[PDB]
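Have a look at the structure below before the remarks.
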Protein chains: 2
Amino acid sequence: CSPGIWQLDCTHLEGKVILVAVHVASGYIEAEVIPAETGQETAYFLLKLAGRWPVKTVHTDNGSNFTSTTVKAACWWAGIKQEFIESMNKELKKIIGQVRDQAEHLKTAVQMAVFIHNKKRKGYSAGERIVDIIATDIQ
Amino acid sequence: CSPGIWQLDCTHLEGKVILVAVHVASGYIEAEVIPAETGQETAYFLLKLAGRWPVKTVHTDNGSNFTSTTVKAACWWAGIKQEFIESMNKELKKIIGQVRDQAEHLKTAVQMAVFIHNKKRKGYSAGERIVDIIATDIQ
Ligand SMILES: Cc1nc(NC(=O)NC2CCCCC2)c(C)c([C@H](OC(C)(C)C)C(=O)O)c1-c1ccc2c(c1C)CCCO2
Ligand SMILES: Cc1nc(NC(=O)NC2CCCCC2)c(C)c([C@H](OC(C)(C)C)C(=O)O)c1-c1ccc2c(c1C)CCCO2
């Protein structure tokens, strides 16, 4: 429940890679579809995320993801430390499946799924919860 | 100062296109580097943004950006309406210039610049302000 904790993983769909970030306290996510499951992709993603949110620690279900020099450079620069129960990859995958017919590209469907999950209330939505948590923590 | 208002534009650097989003009330931004300045890129960006934040209206300095069918589809689905003094593209560009030497790719420098701007206090930072504004508006 610490507010600066995020979880990062890659799932595979349609021979494509989806990078999924979860803010643990709230259940909010960001995701992107990447061409390849490399360290460079992760590092860049981390950079984007850190600029957006106050990211203090990151946990992953695959430790080897975080061994690249590039990833380390990103965590060093942005001041992120590594951390050593979702499972929203299933839920996200579920939502992607429902809307997949709607879009040509997998990435579009993924973004649609992110939108639905973050928005849905079950009574704040995750999108509401993350702002509430972060703002409160600020003062 | 309405909390759901965002501003979207493209600047050019190094023969590359940067899409920049500003949350007007706070000065917070998100940016991406895109290959080409197309409607499809914008639509996809909008989707990502809308999932992340509560986006009610979007203004741009180039109205023709928003004429593509693809963009319209994105605004329709996410419930965004069009809206008809930054100028942070200069400031962002300024920051990109300072750090450009640090990275090989322009995109990395851009993300670095986003991070610096959102973080900097001058006394909340923009990153703080956007959460404060959105959370407050929620209750
Ligand atoms: C509306 C839309 N179109 C395309 N591609 C097209 O060829 N569209 C032409 C537009 C002129 C008239 C004939 C059809 C695509 C590719 C998309 C989506 O792709 C992007 C990258 C643009 C998001 C897609 O993957 O389906 C869309 C589109 C755009 C936004 C959007 C949705 C779609 C289908 C679905 C709902 C969420 O918002
Ligand atoms: C550290 C880093 N490296 C590369 N590329 C490499 O070839 N790195 C190898 C790593 C093994 C030992 C020799 C050097 C790149 C391209 C980057 C940046 O690119 C990505 C896409 C990975 C972000 C870059 O554009 O410079 C970096 C890198 C990664 C993170 C990072 C920074 C850099 C330079 C700069 C500070 C912010 O965080």
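Below, read A as the first sequence line, B as the second, and so on, with proteins coming before strands; counting in each chain starts at 1. In listed order, ligands and their atoms are each counted from 1.
Taking NE2 of A:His117 as the reference point, atom CE of A:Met88 lies at 4.0 Å (rounded to 0.5 Å).
Residue contacts with ligand 1: B:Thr69 is placed with no nitrogen or oxygen under 3.5 Å of a nitrogen or oxygen of the ligand (distance criterion only).
Counting protein heavy atoms only, atom 7 (O) of ligand 1 is closest to B:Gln40 NE2, 4.4 Å. The protein heavy atom nearest to atom 34 (C) of ligand 1 is A:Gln102 O, 3.6 Å. Closest to atom 8 (N) of ligand 1 among all protein heavy atoms lies B:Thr70 CG2, 4.2 Å. Considering only non-hydrogen protein atoms, atom 23 (C) of ligand 2 sits nearest to B:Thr108 OG1, 3.4 Å. The nearest protein atom to atom 26 (O) of ligand 2, hydrogens excluded, is given as B:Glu104 N, 3.0 Å; this is a heavy-atom distance. If you check which protein heavy atom lies closest to atom 19 (O) of ligand 1, you get A:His105 CD2, 3.5 Å.
Counting heavy atoms closer than 4.0 Å to ligand 2, residue B:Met112 contributes side-chain atoms (C-beta onward) but none from N, CA, C or O.
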Report, one line per pair, each donor and acceptor closer than 3.5 Å where one atom sits in a side chain of residues 93-102 of chain A; sequence neighbours left out.
unit_1	atom_1	unit_2	atom_2	d
A:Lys93	NZ	A:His12	O	2.7
A:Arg100	NE	A:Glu14	OE2	2.6
A:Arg100	NH1	A:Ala103	O	2.8
A:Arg100	NH2	A:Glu14	OE1	3.3
A:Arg100	NH2	A:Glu104	O	3.1

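The heavy atom nearest to atom 28 (C) of ligand 2, considering only A:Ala43, A:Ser68, A:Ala73, is found in A:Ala73.
Atom 14 (C) of ligand 1 is never approached by the protein to below 4.0 angstrom, counting heavy atoms only. Distance screen at 4.0 Å: atom 36 (C) of ligand 2 has a protein heavy-atom neighbour inside the cut-off.
Side-chain contact, A:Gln111 with A:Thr108: no donor N or O sits under 3.5 Å from an acceptor N or O. The closest side-chain donor-acceptor pair between A:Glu83 and A:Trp6, if any, does not fall under 3.5 angstrom.
Side chains of A:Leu19 and A:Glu37 form no contact here, defined as non-hydrogen atoms less than 4.5 Å apart.
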Handout entry: Test log, rule salt bridge (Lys or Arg N to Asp or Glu O under 4.0 Å), inputs A:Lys48 and A:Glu32
Key = CA-CA 11 Å; A:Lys48 285 191 292 195; A:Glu32 312 256 353; 3.5 Å; yes
